[PDB]
Amino acid sequence: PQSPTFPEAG
Amino acid sequence: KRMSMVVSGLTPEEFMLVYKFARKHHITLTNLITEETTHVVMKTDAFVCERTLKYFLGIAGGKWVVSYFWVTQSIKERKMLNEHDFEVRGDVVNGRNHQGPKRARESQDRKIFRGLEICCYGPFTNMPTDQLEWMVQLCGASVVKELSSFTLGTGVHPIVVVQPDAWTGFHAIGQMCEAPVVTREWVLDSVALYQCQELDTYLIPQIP
């Protein structure tokens, strides 16, 4: 659909 | 010797003028991110972005990671503004603070996963196994394909990366081969900062 993103850290 | 750019995190609407921009100024614009690509233009705020695949692979490659604002403001004037004033500075790993992008192209003589070996083990979501493997490889890391493909040779550090998010046991691993087992987010975080965060908080509890 659109481009994948990547949320939160560790 | 060549300028080649790729876009990340735009709508189809905003992509249009990056295309119109490309042809106007003779700049090569590519669909997907390659190894020739020297420029990663992506959406920000005035200059923070969201973490995309192309984002990580740009920082990893030592590319110029420049905002989409670079295009909007160089059309608003008339001439091509020099990207150097427009490179990104964060996302939500790093605030607009720890500008990883700059740090990467400047520290290539000194990669982050330099003396390490990495197995990308198991399923992953919206980042294909091999694509991640490549991101790691760019940042000085040596990729391993099975867990029993780690080196006897003593100078090396084995590290197994798993995305747990995409399973349904994986506290298992530790038993099979003896190397730290970390979430994918350790790779991701390390590239975004270009710093190589230590394994502590990314370590996955294992079942003995």
# chains A, B, ... in the order shown; residues from 1 in each chain; ligands from 1
call {"tool": "residues_around", "arguments": {"residues": "residue 92 (chain B)", "least_positions_apart": "3", "cutoff": "12 Å", "atoms": "only C-alpha atoms", "output": "list in words"}}
result
residues 5, 6, 7, 8, 9 and 10 of chain A; 44, 48, 49, 50, 51, 52, 89, 95, 96, 97, 98, 99, 100, 188, 189, 192 and 193 of chain B
call {"tool": "interface_residues", "arguments": {"of": "chain B", "to": "chain A", "cutoff": "12 Å", "atoms": "only C-alpha atoms", "output": "count of residues only"}}
result
47
call {"tool": "residues_around", "arguments": {"residues": "residue 191 (chain B)", "least_positions_apart": "3", "cutoff": "9 Å", "atoms": "only C-alpha atoms", "output": "VMD selection string"}}
result
chain B and resid 56 to 57 59 to 60 100 to 101 104 112 135 to 136 139 186 to 188 194 to 196
call {"tool": "atom_distance", "arguments": {"atom1": "CA of residue 156 (chain B)", "atom2": "CA of residue 119 (chain B)"}}
result
13.1 Å
call {"tool": "atom_distance", "arguments": {"atom1": "CA of residue 6 (chain B)", "atom2": "CA of residue 73 (chain B)"}}
result
17.9 Å
call {"tool": "select_by_dssp", "arguments": {"residues": "region 102-177 of chain B", "states": "alpha helix (DSSP H)", "output": "number ranges by chain"}}
result
B: 102-106, 129-138
call {"tool": "write_last_selection", "arguments": {"atoms": "C-alpha atoms", "output": "PDB file, in the first residue's frame"}}
result
ATOM      1  CA  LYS B 102      25.929  12.250   9.343  1.00  0.00           C
ATOM      2  CA  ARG B 103      27.788   9.919  11.708  1.00  0.00           C
ATOM      3  CA  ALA B 104      27.668   7.027   9.222  1.00  0.00           C
ATOM      4  CA  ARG B 105      29.145   8.613   6.096  1.00  0.00           C
ATOM      5  CA  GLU B 106      31.859  10.151   8.259  1.00  0.00           C
ATOM      6  CA  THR B 129      15.487 -11.774   5.873  1.00  0.00           C
ATOM      7  CA  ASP B 130      18.080 -11.077   3.134  1.00  0.00           C
ATOM      8  CA  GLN B 131      17.391  -7.321   3.126  1.00  0.00           C
ATOM      9  CA  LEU B 132      18.221  -7.126   6.854  1.00  0.00           C
ATOM     10  CA  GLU B 133      21.219  -9.429   6.313  1.00  0.00           C
ATOM     11  CA  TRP B 134      22.489  -6.850   3.832  1.00  0.00           C
ATOM     12  CA  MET B 135      21.922  -3.930   6.276  1.00  0.00           C
ATOM     13  CA  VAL B 136      24.051  -5.803   8.795  1.00  0.00           C
ATOM     14  CA  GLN B 137      26.718  -6.676   6.214  1.00  0.00           C
ATOM     15  CA  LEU B 138      27.112  -2.996   5.301  1.00  0.00           C
TER      16      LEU B 138
END
